[PDB]
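# Geometric and topological summary
This is what each chain is made of:
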Amino acid sequence: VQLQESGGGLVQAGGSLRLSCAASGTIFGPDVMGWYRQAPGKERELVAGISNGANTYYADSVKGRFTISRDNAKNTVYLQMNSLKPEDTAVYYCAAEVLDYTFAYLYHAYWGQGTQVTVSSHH
Amino acid sequence: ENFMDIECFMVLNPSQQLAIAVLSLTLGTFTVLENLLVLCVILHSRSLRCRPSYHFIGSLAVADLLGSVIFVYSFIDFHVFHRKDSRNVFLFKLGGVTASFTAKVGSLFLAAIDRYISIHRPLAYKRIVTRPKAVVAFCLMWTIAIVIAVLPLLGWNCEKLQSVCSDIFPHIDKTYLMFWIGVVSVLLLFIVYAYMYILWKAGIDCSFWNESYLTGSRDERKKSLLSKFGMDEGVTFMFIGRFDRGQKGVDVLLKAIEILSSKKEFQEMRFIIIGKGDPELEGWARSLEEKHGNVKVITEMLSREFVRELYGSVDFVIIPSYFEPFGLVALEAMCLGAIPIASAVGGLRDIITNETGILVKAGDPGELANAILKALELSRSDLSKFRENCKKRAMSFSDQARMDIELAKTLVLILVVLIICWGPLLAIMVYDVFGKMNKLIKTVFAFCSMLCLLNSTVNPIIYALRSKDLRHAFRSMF
Ligand SMILES: CC(=O)NC(=N)/N=C(/NS(=O)(=O)c1ccc(C(F)(F)F)cc1)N1C[C@H](c2ccccc2)C(c2ccc(Cl)cc2)=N1
């Protein structure tokens, strides 16, 4: 499949953003969607995950601040964050997992291009 | 050149003409009444009409109405009233029946697609197949069938084109007849192949994670597996999945293993860790594998049957996942009789109960180690009750697939009944298209034309006998 990402950009500390990621699959596209983050000089970390409805998962560092939602009309995922911090500056990636039912060990993962998010306390 | 011309076959005495007429009226009226009853039951039950999986019924009955009422009407304007029929009204009468047949075939096609999506792509069924989408698809199919049936009325007859036309069907060009026969034949063949493929794949796939495919007993299988891995008998724990941070807690499992390695119980404990991922976690797992003789790490690709054998040999399965939306690993392990020590998060909470496994706090290596120690202590006594409970709980989640396969089998039965009913008529129509005829073929065609009404009779019987939901709704209305 293919994933198109949008919404990254610079913002003041304490603001709020919303990134969007659209998938192009054959049947339902991805079964699981997720948002990953990579800070400069740091290992890639999963920041949010969703399957459908209230089946979301949030990292302990974004619990209560971030919110992940999914729309099946366009088969896309949104990630909306409020009360941003300078620690949140990183490159965000959109991940899509298509997993098999007849064999739980089989899965396929697809990644996006990644978008920069810079929270700056400049005044 | 009248529709349902009974002037032929003067063999029967006029004495039984009344008997034939009354039988025809009774059959037509019974078909109309039962089709109306089925439609009313479907429309007046909110549970039934909101399910796309049953929408085909609401189509088929309507088709069964279209081919029935017209027949009764087409019998009124010939026998009791001798009103001769012109070209346009006769073409409309034939178009009704052709539209009914095409709508039946299209409804079977859409039902086959829905069954494939429901059975072989379950994780998408609640999203790909929605009620508005099903309604739109059925409406589009009905419009296509109506257009195909109406095409001769819009200037595709053998008078406006001035071309040779059929003998059994006057005022109807043979080219349109051949086109319609080809379309319905190829569609029916594709539907038959699709249903056969769906049923075969469902049979081979759904009944896979079962104990009946393994030879021996639990103890000997575990002993043989440990001997193949060069380890002595002991309580065996199994982890299978992804080597990563954030999704599956293989790092949590490794920390718990390191914590437990400092105790005296680690001597009576075996660990298997299967998966592939980042080089760092794989290196950590291999270092633990070489440090401890009771730890085995597999990174290669494992066949489905080998994983099935592993599930049916180990004692416990550890699932310390941070985010598990479906928990298919737990489902397979419980189907093959393995007590799961899983994290209480996501889809693992509703699958595993306190009597069918152990639940652990996510992301706590110490709590996971304590739960593993608790499982080891519990393993001292008998464990067959836990295995039976796990099997029952896992099979409780496979009911929907079995109902879907039953619905698919019902659809296959409906399709084969339709094929038997509409076979000889289409064969005679092809013989018309390819070559000429004698009066005997016309007579047998006129005699076999009632199989359509028999099909419209027997379809509601199949719907009532097969589906329990329709019976429940019918008794509710009573
Ligand atoms: C083409 C032709 O000539 N049909 C014809 N002559 N007679 C027909 N019935 S009957 O003659 O009244 C008739 C003949 C024999 C018996 C009995 F009791 F001995 F069994 C009872 C009644 N039908 C019925 C069928 C039909 C008609 C309308 C709606 C549903 C079914 C039909 C037909 C079927 C397919 C298509 Cl494509 C076109 C027409 N034709």
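Conventions we followed
- Residues numbered from 1 in each chain as written, not as in the entry; some residues may be left out.
- Chains lettered and ligands numbered in written order.
- Heavy atoms only, no water.
- Residues with missing side-chain atoms left out of burial classes, pairs and counts.
- UniProt positions renumbered as here; feature names shortened; annotations may be inferred.
- Contact = heavy atoms within 4.5 Å.
- Buried area = accessible area lost by both parts, 1.4 Å probe.
- Salt bridge = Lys/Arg side-chain N within 4 Å of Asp/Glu carboxyl O.
- Polar contact = N/O pair within 3.5 Å; in protein donor to acceptor, adjacent residues only side chain to side chain.
- Near = heavy atom within 4 Å.
- Areas by Shrake-Rupley, 256 points an atom, 1.4 Å probe, with all protein chains shown as cover.
- Helix = DSSP H or I, 4+ residues; strand = E, 2+ residues; numbered from the N terminus.
- Nonpolar A, V, L, I, M, F, W, Y, C, P; charged D, E, K, R; others polar.
- Patch = residues over 30% accessible without salt bridge, like charges linked within 9 Å, V, L, I, M, F, W, Y side chains within 5 Å.
- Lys, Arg positive; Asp, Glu negative; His and termini not counted.
- Charge placed at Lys NZ, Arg CZ, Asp CG, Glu CD.

What the entry reports as its method is cryo-EM, with 3.13 Å given for the resolution.

Chain B appears in the PDB entry as Cannabinoid receptor 1,Glycogen synthase from Homo sapiens. This entry's official PDB title is "Structural mechanism of CB1R binding to peripheral and biased inverse agonists". In the Subunit (literature references left out) part of its UniProt record, chain B is described as follows: "Interacts (via C-terminus) with CNRIP1; this interaction attenuates constitutive, but not agonist-dependent, inhibition of voltage-gated Ca(2+) channels in neurons. Associates with G protein alpha subunits, including G(i) alpha-1/GNAI1, G(i) alpha-3/GNAI3 and G(o)-alpha/GNAO1; palmitoylation is important for interaction with GNAI3 and GNAO1."

The name recorded for chain A in the PDB entry is CNb36, from Lama glama.

### A closer look at the interface of chain A and chain B
If you look at the interface, chain A gives 23 residues, while chain B gives 27 residues. For the pair chain A and chain B, the summed buried area comes to about 2300 Å², and 71% of that belongs to carbon and sulfur atoms. Linking chain A with chain B are one salt bridge. The interface formed by chain A and chain B contains three residue pairs in polar contact.

### Some remarks on the site of the ligand
All names here are of chain B. Taken together, 14 residues are adjacent to the ligand, and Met4, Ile20, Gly67, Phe71 and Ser449 come closest. A total of 770 Å² of accessible area belongs to the ligand in isolation, and the protein chains cover 89% of it. Those elements giving two or more residues to the shell around the ligand turn out to be α1 (17-43), α3 (55-80) and α16 (439-448). The residue inventory of the shell around the ligand, partitioned by class, reads ten nonpolar, three polar and one charged.

### What to know about the environment of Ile274 of chain B
In this fold, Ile274 of chain B is placed in strand β2 (residues 269-277). Those residues in contact with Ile274 of chain B, other than ones at most four positions away along the chain, are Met238, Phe239, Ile240, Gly241, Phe243, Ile298, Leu302 and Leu310 of chain B.

### Focus: a negative patch on the surface
A contiguous patch of negative charge, built from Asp219, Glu220, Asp232 and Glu233 of chain B, is present on the exposed surface. Along the polypeptide, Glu233 of chain B turns up in the loop between α8 (218-228) and β1 (235-243).

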